[PDB]
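For reference, the structure is listed below as structure tokens.
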Amino acid sequence: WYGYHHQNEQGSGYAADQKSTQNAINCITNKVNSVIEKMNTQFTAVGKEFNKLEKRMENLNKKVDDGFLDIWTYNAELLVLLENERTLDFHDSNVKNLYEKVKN
Amino acid sequence: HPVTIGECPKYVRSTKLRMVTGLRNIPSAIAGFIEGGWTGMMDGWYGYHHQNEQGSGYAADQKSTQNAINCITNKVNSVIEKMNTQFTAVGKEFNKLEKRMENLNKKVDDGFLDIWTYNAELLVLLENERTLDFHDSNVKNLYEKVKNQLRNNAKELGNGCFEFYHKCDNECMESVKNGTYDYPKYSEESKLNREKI
Amino acid sequence: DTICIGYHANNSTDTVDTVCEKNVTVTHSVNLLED
Amino acid sequence: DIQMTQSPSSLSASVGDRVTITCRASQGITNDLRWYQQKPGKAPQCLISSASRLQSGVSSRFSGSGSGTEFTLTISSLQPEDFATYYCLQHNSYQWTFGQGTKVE
Amino acid sequence: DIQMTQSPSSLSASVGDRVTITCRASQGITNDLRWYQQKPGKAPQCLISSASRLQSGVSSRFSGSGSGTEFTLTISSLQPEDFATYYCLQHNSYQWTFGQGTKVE
Amino acid sequence: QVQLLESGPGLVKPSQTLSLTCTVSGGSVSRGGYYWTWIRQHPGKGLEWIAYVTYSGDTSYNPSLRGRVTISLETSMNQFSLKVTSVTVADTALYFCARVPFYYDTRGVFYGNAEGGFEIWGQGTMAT
Amino acid sequence: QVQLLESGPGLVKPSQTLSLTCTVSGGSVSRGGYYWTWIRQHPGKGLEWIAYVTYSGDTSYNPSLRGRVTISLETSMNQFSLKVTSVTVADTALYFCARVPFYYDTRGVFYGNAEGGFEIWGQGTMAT
Ligand SMILES: *[C@@H]1O[C@H](CO)[C@@H](O)[C@H](O)[C@H]1NC(C)=O
Ligand SMILES: *[C@@H]1O[C@H](CO)[C@@H](O)[C@H](O)[C@H]1NC(C)=O
Ligand SMILES: *[C@@H]1O[C@H](CO)[C@@H](O)[C@H](O)[C@H]1NC(C)=O
């Protein structure tokens, strides 16, 4: 992901920085692992049935089932969007900190 | 346990939940923030180490440490304030012919507490990242302030440090540390020492 | 004649969880959880 | 030597009144003023630190404001336990100067 | 030429025992060591890469630690299928040198 | 529960040495982020600042008392002391030791305890 | 399911050319991030590294075998080859070809697939 291109008397070629790419892989794998691990959506196995004189508990059950699924959908989409933004800034800072290392 | 009455903390399914209220602990010819942190710095989070004719010592920057404390306290206060987990006081019982309502009550009790566990853990880890980046930006904005004050009077050694071309006393070192520094006074001596080097 | 910009470090072993990094040793931390 | 001028040096009010104690600075004190309060036969305690911020164990009746040379300490309602001499201490400089002291009565 | 010293070159243990294979480096190998397991009549496979991290398909009994010159490979409990020659390979330099091999028995 | 307790002579002759010490109990004096300060008060007069000391080593004094007094930090015995030379009539005062923190911290994000950020004072000793 | 298949001569005279090839099946050899490595093992002895190649173009060879061997990357036919010149008594060995990845990647954040980050090996061919 990050590296160098040198031009001198002997030759020219691209050389990758394996250490910064490995540390970037070390955060990106942990970001994907945290996004997978942190979601605790509970599984629905059967689906409940109700008769004609239990409309209030039927509407409450659909309210719970369509509220929890919307909350976890929002949580998954927001976590993926925020960590996408943090990844896209992390890579830019990883190139800039490499440029600053070569400058120093 | 989730069932609590009285003035009680909110329940999460967390084993560890710690907020960063400090910098990364990176210990260690005293060089600046590129090499690492200073063990002998104790009176603050951010500061300076001067070496000149009169003496050498560490001096913490109290203003930047105070502003860092001002944001970190508000981060922990907003973590406490934004959690609105509702307290369970009794726990409901159901008979043998109310299994659908029992499973609905267990689904609500095991859904809300999972959601608030996720919310508390996510807020702690996100503001741990924000704290650890905020401290790095606060050291870098201090380095940039000393660079913008010193200009061409100072030779950077890399490693978060400046070597003055001219000669400074404690009052000058103390002047860069304070926000007042006289750049055109030492300009000619910096020009003479820059031409020799 | 040198001045330097550094920061705080001590003997603290408080470990925190960052998203991309685990068990980060920090100088100061607060506990939010009663166990 | 940053000198503190604190006025009024003698003050008298009843229970429920509102007073304002002003401490003035020679040089520029940038939010580095501490407000003190010693009740007779008692060690002094800090009420306001950094010229606006209430200390812990101090009631919300006391308030502080101001920047630079001029600072104010306002007590919203005097109680009978608010019979004390009030001091202002600067710590902008490395030489700290206390005020002369305002004794409410 | 970074020359690799691996001890003990002949090892014998029973089922359930714990052994430790140590590979030593001439120069400084900064977390660039690969641990190999060559079972007779079989191509070698990697157990530990970057001197501490387990590979995929490799059980959690194997573990690696060390930095710089000294590295350790610890098997927590020897099974009968853990009969192989163990090698240490460095790839910090552009010339790679294997260890001479420790055959457990 | 950090408390600052003072031990004084109580009776010194003119042109002598006033040895005052302030013992910190319930906490460490070897903690950075505090001004270990000495405040005197003349009888029937106002508060006067004398000196401070930090664990780093910073030391300051009053301009009226630069050469006469000295302040020391006894790290091993958990106390700090003030020694006044050439004691006169104006040196007879009510002496207070204090722990003035560097930062306003009600949470202990720097201090580590909620009670670290607190300004505590000695009860006072009288020298004549 | 990327597999490495080796074809060797099996019988060469001394002072001749030992041409080996390692055919990559189930994947591409024209993917960056791998060392396409050649490892030999003398019979009744240990492993000895010979050379590697990378789709970038870098090649590294053993200091005992700098001028003798050469390693090439055949991009079009999906294979990489090793050619050994001046074959001697010490050149008979069990030759393995390997794909040593650059990075430890268990999820395919760089590699793109979970099986990209894997170190696969050829089963081995014998030259005499
Ligand atoms: C410090 O700053 C103040 C005001 O910002 C200025 O008057 C003073 O000269 C500066 N330097 C010293 C050594 O006090
Ligand atoms: C650091 O040292 C101090 C010195 O007394 C000690 O009290 C404290 O427990 C130490 N902290 C750790 C994490 O070891
Ligand atoms: C972090 O520390 C805990 C306990 O100390 C341990 O179980 C865990 O494996 C550590 N994780 C890493 C990535 O080191």
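Protein chains in written order, with the deposited numbering: chain B, 1021 to 1124; chain G, 305 to 332, 1005 to 1173; chain A, 11 to 45; chain E, 1 to 105; chain D, 1 to 105; chain Y, 1 to 35, 35A to 35B, 36 to 82, 82A to 82C, 83 to 100, 100A to 100M, 101 to 110; chain H, 1 to 35, 35A to 35B, 36 to 82, 82A to 82C, 83 to 100, 100A to 100M, 101 to 110.
Built from N, CA and C at the ideal position, the CB exists for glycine as well.
*Looking only at C-alpha atoms, which of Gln95/E, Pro40/E, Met4/E and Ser14/E sits nearest to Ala25/E?*
Position 25 of the fourth sequence holds residue 25/E. That would be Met4/E, whose Cα lies nearest to the Cα of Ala25/E.
*Could you tell me which chain H residues have their CB closer than 8 Å to the CB of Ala43/D, listed as they occur along the chain?*
Reading the fifth sequence from its first residue, position 43 is the one you call residue 43/D. The contacting residues are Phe91, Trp103, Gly104, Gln105 and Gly106.
_Tell me which residues share the same chain as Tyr34/H and place their Cβ nearer than 8 Å to its Cβ, disregarding the 5 neighbours each side in the sequence._
As a working note, residue 34/H is residue 34 in the seventh sequence. Around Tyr34/H: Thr52, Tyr53, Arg94, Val95, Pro96 and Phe97.
*What number of angstroms, rounded off, separates the C-alpha of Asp1037/B from the C-alpha of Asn31/D?*
In the first sequence, counting from the first residue as 1, residue 1037/B sits at position 17. In the fifth sequence, counting from the first residue as 1, residue 31/D sits at position 31. Approximately 15 Å between the Cα atoms of the pair.
*Could you check the C-alpha separation between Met1077/B and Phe1070/B for me, to the nearest Å?*
For the purposes of this step, residue 1077/B is identified with residue 57 of the first sequence, where counting begins at 1. For the purposes of this step, residue 1070/B is identified with residue 50 of the first sequence, where counting begins at 1. Distance between the alpha carbons of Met1077/B and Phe1070/B: 8 Å.
*State the beta-bridge partners of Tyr99/Y as determined by DSSP.*
Here residue 99/Y refers to the residue found at position 104 of the sixth sequence. According to DSSP, which records beta bridges pairwise, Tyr99/Y is partnered with nothing at all.
*Between the region 1031-1045 of chain B and chain H, which residues of the former have a C-beta closer than 9 Å to a C-beta of the latter?*
Going along the region 1031-1045 of chain B in chain order, one finds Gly1033, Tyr1034, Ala1035, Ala1036, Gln1038, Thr1041, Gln1042, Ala1044 and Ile1045 with a Cβ nearer than 9 Å to chain H.
*Please confirm whether any heavy atom of ligand 1 lies closer than 6 Å to the CB of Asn1154/G.*
Here the question's residue 1154/G lines up with position 178 in the second sequence. Yes - ligand 1 has a heavy atom lying nearer than 6 Å to the Cβ of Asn1154/G.
*Considering only heavy atoms of ligand 2, list every residue whose Cβ is less than 6 Å from one of them, following chain order.*
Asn21/A, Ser22/A and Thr23/A
*Show which residues of chain D have a CB atom less than 9 Å away from the CB atom of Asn60/H.*
By one-based count along the seventh sequence, residue 60/H stands at place 62. The answer, in chain order, is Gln95, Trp96 and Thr97.
*Proximity test, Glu1150/G beta-carbon vs ligand 1 heavy atom, cut-off 6 Å*: If you number the second sequence from 1, residue 1150/G lands on position 174. Yes.
*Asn1104/B: beta carbon under 6 Å from a heavy atom of ligand 3?*
Sequence index remark: in the first sequence, residue 1104/B carries index 84 (1-based). No, Cβ of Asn1104/B sits at least 6 Å from all heavy atoms of ligand 3.
*For the alpha helix (DSSP H) containing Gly1087/G, list its first residue and its last residue.*
On the second sequence, position 111 is the one that residue 1087/G refers to. Residues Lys1075 to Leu1126.
*Under three-state DSSP, which class holds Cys1047/G?*
Start at 1 with the first residue of the second sequence, and residue 1047/G comes out as number 71. Looking at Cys1047/G - three-state DSSP - the assignment turns out to be helix.
*Below 8 Å CB to CB, which residues in the same chain sit around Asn1095/G once its five sequence neighbours on both sides are set aside?*
Residue mapping note: residue 1095/G aligns to position 119 of the second sequence, counting from 1. Result list for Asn1095/G: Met1059, in chain order.
_Backbone CA spacing between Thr72/D and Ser63/D [nearest angstrom]_ = As a working note, residue 72/D is residue 72 in the fifth sequence. As a working note, residue 63/D is residue 63 in the fifth sequence. So the alpha carbons of these two residues sit roughly 8 Å apart.
*Does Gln90/D come within less than 7 Å of chain H when only Cβ atoms are used?*
Within the fifth sequence, numbered from 1, the residue matching residue 90/D stands at position 90. Not closer than 7 Å to any Cβ of chain H, the Cβ of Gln90/D fails to qualify, so no.
_Distance, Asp1090/G Cα to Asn1081/B Cα_ = Position 61 of the first sequence, counted from the start, is the residue given in the question as residue 1081/B. Position 114 of the second sequence, counted from the start, is the residue given in the question as residue 1090/G. Whole-angstrom Cα-Cα distance: 18 Å.
*Is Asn76/H closer than 7 Å to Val24/H when the C-beta atoms are compared?*
The residue given as residue 24/H occupies position 24 in the seventh sequence. The residue given as residue 76/H occupies position 78 in the seventh sequence. Yes, the pair counts as a contact, with Cβ atoms nearer than the cut-off.
_Cβ pair count under 8 Å reaching 3, the region 13-22 of chain A against the region 322-331 of chain G_ = Contact between the region 13-22 of chain A and the region 322-331 of chain G is present: three or more C-beta pairs spanning the two stretches fall below 8 Å.
*Near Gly27/H, which residues of its chain fall below 6 Å by C-beta distance, leaving aside the five closest residues on each side in sequence?*
The count along the seventh sequence starts at 1 and reaches residue 27/H at position 27. Correct list, in chain order: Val2.
*Which same chain residues, not among the five before or five after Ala1007/G, have their C-beta less than 7 Å away from its C-beta?*
Start at 1 with the first residue of the second sequence, and residue 1007/G comes out as number 31. Answer for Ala1007/G: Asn1135, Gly1136 and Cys1137, listed in chain order.
*Taking 7 Å as the cut-off, decide whether the C-beta atoms of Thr73/H and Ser19/H are in contact.*
Numbered from its first residue, the seventh sequence carries residue 73/H at position 75. Numbered from its first residue, the seventh sequence carries residue 19/H at position 19. No, these two residues do not count as a Cβ contact at 7 Å.
*Segment limits, alpha helix (DSSP H) that includes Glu70/D*: Numbered from its first residue, the fifth sequence carries residue 70/D at position 70. First-last for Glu70/D: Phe62 to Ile75, but that is the beta strand (DSSP E), not the alpha helix (DSSP H).
*Can you list every residue whose CB sits closer than 5 Å to some heavy atom of ligand 3, going in chain order?*
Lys32/A and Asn33/A
*If you draw a straight line from the C-alpha of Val15/E to the C-alpha of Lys103/E, how long is it?*
Taking the first residue of the fourth sequence as 1, we reach residue 15/E at position 15. Taking the first residue of the fourth sequence as 1, we reach residue 103/E at position 103. The straight-line gap from Cα to Cα measures roughly 15 Å.
*Environment of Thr1049/G [buried if 16+ CB atoms lie within 10 Å]*: The sequence position of residue 1049/G within the second sequence is 73, counting from 1. So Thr1049/G ends up on the buried side.
_Interfacial residues, the region 1007-1022 of chain G to chain Y, with Cβ spacing under 9 Å_ = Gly1016, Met1017, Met1018, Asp1019, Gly1020 and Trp1021
*Give me the Cα-Cα distance between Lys1172/G and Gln1125/G, rounded to the nearest whole angstrom.*
Along the second sequence, read from residue 1 onward, the residue named residue 1172/G stands at position 196. Along the second sequence, read from residue 1 onward, the residue named residue 1125/G stands at position 149. In a straight line, the C-alpha of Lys1172/G is about 22 Å away from that of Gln1125/G.
*Do three or more CB pairs link the region 1009-1016 of chain G to the region 1155-1169 of chain G at distances below 8 Å?*
Touching, no.
*asked:* Would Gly100K/Y and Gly100C/Y be called neighbours here (beta carbons separated by less than 7 Å)?
replied: Working through the sixth sequence from its first residue, we reach residue 100K/Y at position 116. Working through the sixth sequence from its first residue, we reach residue 100C/Y at position 108. Contact flag set, yes.
*For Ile1056/B, count neighbouring Cβ atoms within 10 angstroms of its own Cβ and tell me buried if that reaches 16, exposed if not.*
Locating residue 1056/B in the first sequence gives position 36, counting from the first residue. So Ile1056/B counts as exposed.
*Straight-line CA distance for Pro9/H to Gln39/H?*
Locating residue 9/H in the seventh sequence gives position 9, where the first residue counts as 1. Locating residue 39/H in the seventh sequence gives position 41, where the first residue counts as 1. As the crow flies, the alpha-carbon of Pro9/H is around 17 Å from that of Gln39/H.
*Pick from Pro8/E, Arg18/E, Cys23/E and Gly28/E that is closest to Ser77/E, judged by C-alpha positions*: By one-based count along the fourth sequence, residue 77/E stands at place 77. Comparing Cα-Cα distances from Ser77/E to each of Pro8/E, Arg18/E, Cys23/E and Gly28/E, the minimum goes to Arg18/E.
*The alpha helix (DSSP H) spanning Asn1169/G covers which residue range?*
On the second sequence, residue 1169/G is found 193 positions in, with the first residue counted as 1. Judged by DSSP secondary structure, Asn1169/G falls within the alpha helix (DSSP H) whose first and last residues are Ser1163 to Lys1172.
*Where DSSP assigns a beta bridge to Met1149/G, which residues make up the other side?*
Translated into the one-based positions of the second sequence, residue 1149/G becomes position 173. Answer is none; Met1149/G lacks a bridge partner.
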